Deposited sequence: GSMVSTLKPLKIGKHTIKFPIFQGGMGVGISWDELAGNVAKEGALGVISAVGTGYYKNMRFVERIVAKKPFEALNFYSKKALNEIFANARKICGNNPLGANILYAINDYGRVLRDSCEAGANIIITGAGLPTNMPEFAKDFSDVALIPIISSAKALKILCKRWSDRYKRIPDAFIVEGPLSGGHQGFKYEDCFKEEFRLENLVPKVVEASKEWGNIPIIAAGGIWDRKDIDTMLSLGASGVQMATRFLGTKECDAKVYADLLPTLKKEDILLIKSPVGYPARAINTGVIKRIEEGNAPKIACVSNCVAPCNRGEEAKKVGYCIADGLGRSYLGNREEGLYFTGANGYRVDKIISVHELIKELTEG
């Protein structure tokens, strides 16, 4: 009862994935070895989030903890944890391709990119910024494919021109994620068109893609593939186990845009530390992990009421009262929790 897929394999750099589908990276601790390993086993691109890896297995692999938080960027972005996450994912998926997702705004971005390459990533995905120096840190890892997340055709042109002038290389792909002209059905064609100036770089559409109908819409607009996160957030294999319990009663009213210490908006569930901020009992802010450069070691966290490293870390640890919980706008459509296998079958059959 599942017709062979008519979707065709997607080549990114030297890497081929069976289905033109990325499971979007999700931190902290949402897309680690069980999720990304099982996604890649099923033939989509599993993506490991490289942010906050110091939290992995309750801070098993860090060198220093202060106040139950990984101490500084070197422990918050823990190379030893990252190595173990990748190794555990490949116990599930073998040599099927795996990405690492690294936000450009993090402190020590270049170290974490090199760490991801050494951990065995085949692909690096980077948004939250304009990542003009991505290949600077990968010179030892030429065959690792490099993919910026962009929200405009202008960004593609600036990136191709700056990479080409400095590295004589251009990106292997672009993920287009909107932040009426920022509607994905308008944005993707504009980016695909602009890409032709540089040699038809595959374009991956992301944001609000729920089912095969959405996938086919994006493909027919010139996208080479899609990236989906919220659907995989509703799988059993999600490494942050709170979401399987929280999502099936989530109502659309409980999803809101919030400011963040990174200087970009996030979409959050009105629960955990978000609820603590309205009640006035939220935790004190005291920058320990120094997670992102735009925060200025607590300046913006104090302004928006929460520390995103602490809050996302607490969610991975199962903390319902003070954790920070993210969702795409479609999160209210998660009515059951299903397996990654069953999800991939629903997205690819026919």
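What the model leaves out of the deposited chain is one segment, 180-194.
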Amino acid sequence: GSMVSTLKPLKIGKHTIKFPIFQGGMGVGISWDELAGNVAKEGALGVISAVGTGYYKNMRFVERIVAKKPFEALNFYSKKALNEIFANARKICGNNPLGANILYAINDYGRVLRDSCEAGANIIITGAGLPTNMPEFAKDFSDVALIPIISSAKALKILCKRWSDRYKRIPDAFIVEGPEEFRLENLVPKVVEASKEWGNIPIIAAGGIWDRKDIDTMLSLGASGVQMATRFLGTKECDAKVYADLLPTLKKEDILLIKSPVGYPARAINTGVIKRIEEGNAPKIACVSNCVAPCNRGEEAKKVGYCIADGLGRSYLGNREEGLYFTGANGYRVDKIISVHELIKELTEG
From here on, numbers count along this sequence of modelled residues.
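C-alpha atoms forming the largest set that superposes within 1.5 Å between two forms make up the rigid core.
Superposing the other copies on the rigid core and comparing 93-101 to 107-115, farther C-alpha placement in 8 other deposited structures of this protein marks 107-115. Look at the mean CA B-factor for 193-201 and for 96-104 in the entry; the higher one is 193-201. Comparing 106-114 with 137-145, the higher mean C-alpha B-factor in the PDB entry belongs to 137-145. Looking at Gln227, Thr126, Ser224, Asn186, the one whose CA carries the top B-factor in the deposited record is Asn186. Ranking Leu256, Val273, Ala89, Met218 by Cα temperature factor from the entry places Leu256 first. Sort the chain's modelled residues by C-alpha temperature factor and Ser152 lands in the middle third, per the entry. Remark: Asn58 belongs to the highest third of its chain, ranked by C-alpha B-factor as recorded. Residue-level temperature factors show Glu321 in the highest third of its chain, judged at the C-alpha atom. Sorting the modelled residues of the chain by their CA temperature factor places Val334 in the highest third.
Ranked within its chain, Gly208 lands in the middle third, by CA B factor from the PDB record.
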